[PDB]
Student: 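Got a structure for you, written out below as structure tokens; questions coming shortly.
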Amino acid sequence: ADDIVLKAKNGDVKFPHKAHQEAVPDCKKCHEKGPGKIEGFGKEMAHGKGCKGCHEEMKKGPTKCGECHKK
Ligand code: HEC
Ligand code: HEC
Ligand code: HEC
Ligand SMILES: C[C@H](CCC(=O)O)[C@H]1CC[C@H]2[C@@H]3CC[C@@H]4C[C@H](O)CC[C@]4(C)[C@H]3C[C@H](O)[C@]12C
């Protein structure tokens, strides 16, 4: 499968899967979640534990606006 880009108005956000599979061996961080996780994602989740928050907790990954968002 291909990587996906989230079309944030302020700038595209790339999500590179390979880096995540390598750095996050605990796959159940994102996979086998109960239903609702597709409908649930949004800015609040992204800037929280959906993206940014995990980067902060794991001490690696982009945490600045311009590191995630890029036109
Ligand atoms: C969230 C941060 C994830 C983590 C951690 C892991 N995966 Fe993942 N996976 C995630 C998304 C959003 C997607 C679809 C979009 C994309 O960029 O691919 C996937 C996709 C997969 C796939 C399909 C890949 C392909 O066919 O090329 C597989 C087989 C998969 N994910 C498995 C997997 C495993 C085994 C993980 C742990 C090591 C893992 N993923 C981490 C989100 C996230
Ligand atoms: C943990 C549960 C994570 C979630 C959820 C998301 N990310 Fe992540 N990401 C995580 C780690 C531990 C790392 C470091 C990987 C490395 O080897 O450097 C990353 C990295 C990224 C990157 C940069 C990848 C690179 O090759 O440098 C990007 C661009 C990124 N992450 C984006 C991203 C987005 C958009 C997410 C939500 C949709 C997201 N991550 C979730 C851990 C986790
Ligand atoms: C990655 C770890 C991010 C960081 C760091 C920041 N943002 Fe973000 N933001 C991210 C994603 C994946 C999304 C899309 C959510 C979705 O619905 O798929 C967003 C969203 C926004 C938005 C809203 C965009 C829209 O609704 O079209 C804005 C205005 C925004 N982000 C701005 C922003 C700023 C100013 C940041 C630094 C303080 C910042 N983001 C960090 C991922 C990430
Ligand atoms: C469920 C995990 C982990 C966050 C959490 O614990 O809730 C999060 C992390 C990244 C999230 C994905 C980001 C890209 C997609 C954004 C879409 O708008 C909704 C579907 C996708 C595919 C999301 C599904 C799900 O919302 C994921 C996989």
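In listed order, ligands and their atoms are each counted from 1. All residue numbers in this chain count up from 1 along the given sequence. Below, all heavy atoms of this structure are taken into account, side chains as well, without hydrogens, waters or symmetry copies.
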Student: Within the distance-only criterion (no hydrogens, no angle test), does the side chain of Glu32 pair as donor or acceptor with the backbone N or O of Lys28 below 3.5 angstrom?
Tutor: no
Student: Counting only heavy atoms, tell me which of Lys7, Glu56, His47 gets closest to atom 6 (C) of ligand 3.
Tutor: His47
Student: Check whether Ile4 and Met45 end up in the same hydrophobic cluster, where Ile, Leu, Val, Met, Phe, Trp and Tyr are linked by side-chain heavy atoms less than 4.5 Å apart.
Tutor: yes
Student: Just how far is it from atom NE2 of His20 to atom SG of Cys51, taken to the nearest 0.5 Å?
Tutor: 7.5 Å
Student: Please state which part of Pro62 comes within less than 4.0 Å of ligand 2, counting heavy atoms only: side chain, backbone, both or neither.
Tutor: side chain
Student: Is the closest protein non-hydrogen atom to atom 29 (C) of ligand 1 under 4.0 Å?
Tutor: no
Student: Should you measure from each heavy atom of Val24, which atoms of ligand 1 turn up under 4.0 Å away?
Tutor: 5 (C), 37 (C), 38 (C)
Student: Does the shortest distance from atom 8 (Fe) of ligand 2 to an N/O/S atom of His20 fall below 2.8 Å?
Tutor: yes
Student: N/O/S atom of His55 under 2.8 Å from atom 8 (Fe) of ligand 2, yes or no?
Tutor: yes
Student: Counting each atom of ligand 2 from 1 as listed, which ones have a heavy atom of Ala23 under 4.0 Å away?
Tutor: 12 (C), 15 (C)
Student: Which ligand 3 atoms does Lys52 reach within 4.0 Å, using its non-hydrogen atoms?
Tutor: 2 (C)
Student: Looking only at protein heavy atoms, which one is nearest to atom 25 (C) of ligand 1, and what is the separation?
Tutor: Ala1 N, 3.1 Å
Student: Using only atom types and a distance under 3.5 Å, with no angle test, would you say the side chain of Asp3 pairs donor to acceptor with the backbone of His17?
Tutor: yes
Student: For atom 26 (O) of ligand 2, grab the closest protein heavy atom and report residue, atom and distance to one decimal in Å.
Tutor: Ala19 CB, 4.0 Å
Student: Nearest 0.5 angstrom please: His47 NE2 to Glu56 CD, how far?
Tutor: 11.0 Å
Student: Check whether any heavy atom of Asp2 sits under 4.0 Å from an atom of ligand 1.
Tutor: yes
Student: Which bit of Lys29 is near ligand 1, meaning a heavy atom under 4.0 Å away: side chain, backbone, both or neither?
Tutor: neither
Student: Is the shortest heavy-atom distance from the side chain of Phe15 to the side chain of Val5 under 4.5 Å?
Tutor: no
Student: Please classify the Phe15 to ligand 3 contact at 4.0 Å (heavy-atom distances, strictly less than): side chain, backbone, both or neither.
Tutor: neither
Student: Without hydrogens or angle criteria, can the side chains of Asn10 and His69 be said to hold a donor-acceptor pair below 3.5 Å?
Tutor: yes
Student: For atom 38 (C) of ligand 2, grab the closest protein heavy atom and report residue, atom and distance to one decimal in Å.
Tutor: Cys51 SG, 2.7 Å
Student: Among all the protein's non-hydrogen atoms, which is closest to atom 3 (C) of ligand 1, and how far away is it?
Tutor: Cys30 SG, 2.8 Å
Student: Please work out whether any backbone atom (N, CA, C, O) or any side-chain heavy atom from C-beta onward of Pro16 is under 4.0 Å from ligand 2, and answer side chain, backbone, both or neither.
Tutor: side chain
Student: Please determine if atom 8 (Fe) of ligand 1 has an N/O/S atom from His17 lying under 2.8 Å away.
Tutor: yes
Student: For atom 34 (C) of ligand 1, what is the nearest protein heavy atom, given as residue, atom name and distance?
Tutor: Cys27 SG, 3.3 Å
Student: Going by the atom numbers of ligand 2, which of them fall below 4.0 Å from some non-hydrogen atom of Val13?
Tutor: 35 (C)
Student: Do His55 side-chain atoms and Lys60 backbone N/O form a donor-acceptor pair below 3.5 Å?
Tutor: no
Student: Can you confirm whether something in the protein, heavy atoms only, sits under 4.0 Å from atom 42 (C) of ligand 1?
Tutor: yes
Student: Report the nearest protein non-hydrogen atom to atom 5 (C) of ligand 2: residue, atom name, distance rounded to 0.1 Å.
Tutor: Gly50 O, 3.2 Å
Student: N/O of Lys64 under 3.5 Å from N/O of ligand 3, yes or no?
Tutor: no
Student: What protein heavy atom is closest to atom 16 (C) of ligand 2, reported as residue, atom name and distance in Å?
Tutor: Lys60 CE, 4.0 Å
Student: Numbering the atoms of ligand 3 from 1, which are under 4.0 Å from a heavy atom of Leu6?
Tutor: 12 (C), 18 (O)
Student: Looking only at distances, please establish whether an N/O atom of ligand 2 is found under 3.5 Å from an N/O atom of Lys49.
Tutor: no
Student: Output yes when a protein non-hydrogen atom is found under 4.0 Å of atom 8 (Fe) of ligand 2, and no otherwise.
Tutor: yes
Student: Name the closest protein heavy atom to atom 40 (N) of ligand 1, giving the residue it belongs to and the distance to 0.1 Å.
Tutor: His31 NE2, 2.8 Å
Student: Below 4.5 Å, heavy atoms only, C-beta onward: do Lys29 and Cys54 meet side chain to side chain?
Tutor: no
Student: Counting only heavy atoms not in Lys33, do more than 12 fall under 6.0 Å of its NZ?
Tutor: yes
Student: Compare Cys54, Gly61, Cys68 and give the one whose heavy atom is closest to atom 4 (C) of ligand 2.
Tutor: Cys54
Student: Measuring from atom NZ of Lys9 to atom NZ of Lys71, what distance do you get when rounded to the nearest 0.5 angstrom?
Tutor: 13.0 Å
Student: Any atoms of ligand 3 less than 4.0 Å from a non-hydrogen atom of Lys9? List them with their elements.
Tutor: 24 (C), 25 (C), 27 (O)
Student: Tell me if a side-chain donor or acceptor on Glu39 pairs with a main-chain N or O of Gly36 at a distance below 3.5 Å.
Tutor: no
Student: Got an N, O or S from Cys65 under 2.8 Å of atom 8 (Fe) of ligand 3?
Tutor: no
Student: Would you indicate whether the side-chain heavy atoms of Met58 and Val24 approach each other to under 4.5 Å?
Tutor: yes
Student: Mark the output for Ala46 as yes if a heavy-atom distance to ligand 2 is under 4.0 Å, and as no if none is.
Tutor: no
Student: Within ligand 3, which atoms have a heavy atom of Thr63 less than 4.0 Å away?
Tutor: 5 (C)
Student: Please confirm whether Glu67 comes under 4.0 Å of ligand 3, counting heavy atoms of the residue only.
Tutor: no
